[PDB]
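Just one chain is shown here, as structure tokens, and it is the form deposited in one PDB entry.
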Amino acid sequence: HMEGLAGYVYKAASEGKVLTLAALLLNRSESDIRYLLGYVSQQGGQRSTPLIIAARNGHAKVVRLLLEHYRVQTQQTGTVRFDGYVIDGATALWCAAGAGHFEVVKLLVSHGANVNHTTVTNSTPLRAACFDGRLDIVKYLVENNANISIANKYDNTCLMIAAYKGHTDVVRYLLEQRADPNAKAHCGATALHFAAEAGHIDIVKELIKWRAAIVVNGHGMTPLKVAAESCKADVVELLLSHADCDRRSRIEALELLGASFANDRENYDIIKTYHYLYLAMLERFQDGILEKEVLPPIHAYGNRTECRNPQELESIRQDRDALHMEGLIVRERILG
């Protein structure tokens, strides 16, 4: 009937042929013009409206024709796809931000757009632009009354996703706008925990100098311990040069960091394991003396027991197999 025409207006919008879009919509009743601009055509795992697809693909001319000459609500939600990650309940603003379509962000926001739109997971345009990495958009959004405080259904601040993806500049920016770095998440992790495991030493720098607290996650691990389990030596080194619980927890990191340099088969080093392990054993016995309760010998680790004194560690130096078995026997005790 007329449904086919709406598929034709979708094409012109999605593809960006403003010339075609005009020829389709002109000489039509306002009632019909709304049905055409507001029919959820589904293509390529993406349920969207002409405006939403024209803003996710980034066809500013079509966006203007749909906003400056035609009246769109700038609030039509759609199920959009981003690199496999599928997002539902997103408006053209969110899709534009995620795609870094700054020109559309100007057009959309300045032509009216809830800068604090909430997807079904509460993802505000700010989160999408942070998860992307375009600082240029982020500032314009917040400087146009966006809220850096609004999180997601699991309480993930825009800072947290910025730390994860490793966008140092935008991390500093949100911190400049007083984005509290001590907000927690459902897991229990803070933005520090994220940038730590991801080896984002640049972001860990701008975090500590901004009241970044040493919180503990739901896995009983400080940001340091996460970085240790994640073979990010640089962070562990820097985090040690701070308010690190001396001994008990300081040695545990080195005992963990080295162990991680074995359990990998992709970043393994083994020599970096003996180094980080023997170093700890020395400190655990530096003066006195902080001993270790070794778990009983198990089969998976060759009915072998963890070295408990510095001399034993020096004996397995000439034993490739034992240095491997050690890294995992140490890990089992530290992590569970």
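Note that residue numbering begins at 1 and tracks the sequence as displayed. Whichever C-alpha set is largest while still superposing within 1.5 Å between the two forms counts as the rigid core.
We do not show the form deposited in another entry, though everything after this point is about it.
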{"item": "Comparing forms between this form and the one not shown after core superposition, the one residue of 86, 120, 216, 187 displaced by 2 Å or more at CA", "value": "86"}
{"item": "Residue 26 C-alpha shift between this form and the one not shown of 2 Å or more, rigid core reference", "value": "no"}
{"item": "In the other entry, whether the C-alpha atoms of residue 282 and residue 248 sit closer or farther than here (change of 3 Å or more)", "value": "closer"}
